[PDB]
Amino acid sequence: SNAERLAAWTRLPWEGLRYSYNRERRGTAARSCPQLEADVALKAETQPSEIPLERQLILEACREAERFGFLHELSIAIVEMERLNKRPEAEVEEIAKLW
């Protein structure tokens, strides 16, 4: 889905991306950031791999946004942060095609 697309495109660290997820989850029953972090961390150690935990966290967060209906708001929020990090507009265009 667009959750996997957004998670693949973003280059933000979890330390920053968590802010957008936490901001856009207001009013929903989506998991908080510590709940996501604990769930993914356990899921990572029950099936250990070379997949960075940060990538699993971000993908879990994008999926959770899709489940509770704020993936579009999260994509806009993530793109705002990336543009603040001067992510090139040519690359923002690649994710803007979901809109």
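Residues numbered from 1 in each chain as written, not as in the entry; some residues may be left out. Heavy atoms only, no water.

In the PDB header, X-ray crystallography is given as the technique by which the entry was determined, and 1.88 Å as its resolution.

If you check the PDB entry, the chain appears there as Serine protease from Azospirillum. In the PDB, the title recorded for this entry is "Structure of Azospirillum bacterial CARD crystal form 1".

Engineer: What exactly am I supposed to notice about the state of the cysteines here?
Structural biologist: By definition, a disulfide links the sulfur atoms of two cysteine residues through a covalent bond. Counting across every chain of the model gives zero disulfides. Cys62 provides the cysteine sulfur closest to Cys33, a residue in no disulfide bond, and the two sulfurs are 12 Å apart. Here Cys33 falls in the buried class, since its relative accessible area comes to 10%. (Disulfide = S-S within 2.5 Å. Buried < 20%, exposed > 50% of the residue type's maximum accessible area, 1.4 Å probe, protein only.)

Engineer: How should I be thinking about the environment of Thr28 in this particular structure?
Structural biologist: One can find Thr28 in the loop between α2 (14-24) and α3 (33-46). Its relative accessible area of 27% is what places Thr28 among the partly exposed residues. C-alpha of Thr28 to C-alpha of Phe70: the two residues are 42 residues apart in sequence and 8.8 Å apart in space. (Helix = DSSP H or I, 4+ residues; strand = E, 2+ residues; numbered from the N terminus.)

Engineer: What exactly am I supposed to notice about the packing of aromatic side chains here?
Structural biologist: We describe a pair of aromatic rings using the distance from one ring centre to the other and the angle between the two ring planes. Within this structure, the stated rule accounts for one aromatic pair. Summarising the aromatic geometry, the rings of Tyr21 and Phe70 are spaced 5.9 Å apart at their centres and angled 50 degrees between planes, so their arrangement reads as tilted. With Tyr21 in helix α2 and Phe70 in the loop between α4 (53-67) and α5 (71-84), the pair connects residues that are 49 residues apart, well separated along the chain. Its end group placed over the ring of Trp9, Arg87 keeps NZ or CZ at 3.9 Å from the ring centre. (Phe/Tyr/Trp six-rings, centres within 6.5 Å; stacked < 30°, edge-to-face > 60°. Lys NZ or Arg CZ within 6 Å of the ring centre and 35° of its normal.)

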